[PDB]
Each structure stands twice: as structure tokens, then as C-alpha cells.
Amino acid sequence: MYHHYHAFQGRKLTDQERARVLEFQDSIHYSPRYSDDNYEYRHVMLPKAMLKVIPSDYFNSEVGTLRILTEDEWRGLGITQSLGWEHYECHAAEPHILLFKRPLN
């Protein structure tokens, strides 16, 4: 029997990092989705306390928000959404607030 493989895109957490970040998995808040005629949208809120254990290379050091994250990266933080959701940066938003859009088709 065989399975298929996926190669991680982005900077994979270490085991020690993974365990820290995943301690807060159940505190993560998922907004209901809204949409317009092109896009579906959702926001995700990390507990403020989770910020202290996210590796520093995930942050935009200039501003203090998280940097644009790849699917594999945000999913590895324990953010569980379906496929195709894309992270977009907002310098003015509080660091724990992550915004996502996906095309309808």
C-alpha cells in the first residue's frame, strides 16, 4: 500500500515550536464566512497569549503583525480551515487577527 506526499511550502516549525503553538489550538476563533460575487471571506482570531510562542521569523518585525503566511504555515500554527483560503496582511490590524479570502470560482 502506498500514500501520496506533500512537500511543505514555507518555513516548517520545529517539534518544540509545534508543541508550544498547538497548546492554544482550541482557543482559536473562526468567524463565519461572508461573500460577495467574486470572493468568500473569513477572519481568524488567535488568543493574544499565543503570540508570545509564535517564532519571531513569522512576524513582520517592522510593524509587529504576522507576515503573509503560506497555507502550510498557517495550517501548521493549528489554524484549521478548508483548502484554498489565502492570508492577506494588514499593518493596522491587531497582531492576533488574521484575514483570509478565497475566490468562489
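One rule holds for the numbers: they count along the sequence shown, beginning at 1.
*Asks:* Where do the C-alpha atoms have the higher mean temperature factor in this entry, in 38-46 or in 59-67?
*Replies:* The stretch with the larger mean CA B-factor is 59-67.
*Asks:* Should the higher mean CA B-factor in the entry be assigned to 49-57 or to 73-81?
*Replies:* For C-alpha atoms only, the mean B-factor is higher in 49-57.
*Asks:* What's the residue among 18, 12, 96, 87 with the greatest CA temperature factor in the PDB record?
*Replies:* Comparing C-alpha B-factors across 18, 12, 96, 87, the top value belongs to 18.
*Asks:* Which third, lowest, middle or highest, does the C-alpha temperature factor of residue 1 belong to within its own chain?
*Replies:* Middle third of the chain for residue 1's C-alpha B-factor.
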